[PDB]
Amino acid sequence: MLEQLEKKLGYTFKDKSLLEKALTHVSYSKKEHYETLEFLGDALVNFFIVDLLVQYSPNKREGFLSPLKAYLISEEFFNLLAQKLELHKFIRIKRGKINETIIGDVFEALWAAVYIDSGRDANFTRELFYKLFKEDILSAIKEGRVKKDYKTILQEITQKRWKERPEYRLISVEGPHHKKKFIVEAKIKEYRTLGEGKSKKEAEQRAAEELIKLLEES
């Protein structure tokens, strides 16, 4: 089964016990699972992104690069790099069916496995990772698709003008449990907006977006 992934990955695993381990959720096999490779994989991949970022950025200033890094190492962006490999079909998982958290953890653990299996060659694993995603990463930046952080953008403009911060207050929580939706107000001076999501923090994000809209004509 792994052979199809190894074609996409373009790498033949010498020890297949690792590749299986990184693909296995603890609900499948308790004693063998991706947990420890996800820990190694993060620091490994987060290093790749930053290393790539410092090389190809016209502006190398830390203030410019760090928020750009914040999105590229995010779990959501890892889910997009996973779509290229179609990871959701390769995972061994039983209960707690696949979601963006599980995928991002496998993707992190996946590269740690390659690092280990190659005999801890960081230089090669880097270029193998680059081979796949280098253009894809440079794509999003050059073509300007980067998840915009609205709660941050908002409060920076409000403090720019009135030297104050927007206030996010809850309205209601609606749904049975995990289907529950949050409704949150966002207020700056005389302006109020709304937003919603599966969490408070998410509901505060959409409300923050609608609020930047609300000051245009202002």
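For clarity, a rigid core is taken as the largest C-alpha set superposing within 1.5 Å between two forms. A residue's number is simply how far along the shown sequence it sits, counting from 1.
Root mean square Cα distance to the shown form, taken over structures and residues in 4 other deposited structures of this protein after a core fit, is higher for 168-176 when 168-176 and 38-46 are compared. Root-mean-square C-alpha deviation from the shown form, taken over all structures in 4 other deposited structures of this protein superposed by the rigid core, is larger for 157-165 than for the alternative among 157-165 and 63-71. The deposited model assigns a higher average Cα B-factor to 84-92 than to the other stretch when 84-92 and 71-79 are compared. 49-57 and 31-39 differ in mean CA B-factor, and the higher of the two is recorded for 31-39. Ranking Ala112, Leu132, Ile98, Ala122 by Cα temperature factor from the entry places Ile98 first. Among the modelled residues of its chain, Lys151 has a C-alpha B-factor that falls in the lowest third, as given in the PDB entry. Annotation for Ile171: C-alpha temperature factor in the highest third relative to the rest of the modelled chain, per the entry.
Ranked against the other modelled residues of its chain, the C-alpha B-factor of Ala208 as given in the entry falls in the lowest third. When the CA B factors of the chain's modelled residues are split into thirds, the value for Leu65 lands in the lowest one. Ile188 sits in the highest third of its chain by CA B factor, as recorded in the PDB entry.
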